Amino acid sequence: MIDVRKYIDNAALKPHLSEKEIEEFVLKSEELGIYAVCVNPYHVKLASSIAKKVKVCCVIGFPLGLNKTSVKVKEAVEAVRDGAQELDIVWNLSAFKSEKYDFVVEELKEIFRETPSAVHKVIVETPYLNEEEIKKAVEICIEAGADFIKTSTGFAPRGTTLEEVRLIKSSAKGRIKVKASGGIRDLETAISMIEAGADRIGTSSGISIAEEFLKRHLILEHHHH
């Protein structure tokens, strides 16, 4: 009976989307009581102008995370100046893979300190990580002082798994929140991810999921009868 809407970060990140489409996307989400909307930097100002109660989240160095630190910082800074309340920042996976852990932590710390007012979520790209790397990823995000660790950008051949979220939840030990995203297109999946540890859910199907929840809540029993 989980109110999934409050966990949803509805994403409208497709490049072919018009500004009008972004506007109505933000409106529908607000109407459905969805917690937040995730958009690309170009759409931050627009989203914040339309949004009333819905939080405005902006993707930084998305989706590849291979922009220079200075560029990620500028993008993070400008995102907040355009009205961003939350930042889903893609870390530098190549540096991580090259074992430049300090560089990864410092890039995140620098981006965070230049944007103290926003909630910081670090996308670590779990579909490219094995168990050990995920444990390291968690320690990196915690050392960086992130509020959340986001599993995936969606730009991968595999969606996030329940195993991945369960592991992150266990490794975290309550010192960081978890955002499950990537391949989540329905209510049952969103619910399972939350039950597995997710504190927030990333999806581009937030409207459909929110409606399916509404339908079930209106029709099926579960209250006090």
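The first residue of the shown sequence is 1; numbering continues from there.
Checked against the record, the higher mean CA B factor of 167 to 175 and 34 to 42 lies with 167 to 175. 194 to 202 and 45 to 53 differ in mean CA B-factor, and the higher of the two is recorded for 45 to 53. Of the candidates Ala95, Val124, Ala79, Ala144, the one whose C-alpha carries the top B factor in the deposited record is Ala144. In this PDB entry, the Cα temperature factor of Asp9 sits in the bottom third of its chain's modelled residues, the lowest group. When the modelled residues of the chain are ordered by their C-alpha B factor, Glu106 lands in the highest third. Among the modelled residues of its chain, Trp91 has a C-alpha B-factor that falls in the lowest third according to the deposited record. Among the modelled residues of its chain, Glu133 has a C-alpha B-factor that falls in the middle third according to the deposited record. Looking at the C-alpha B-factors along this chain, the one for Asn67 belongs to the lowest third.
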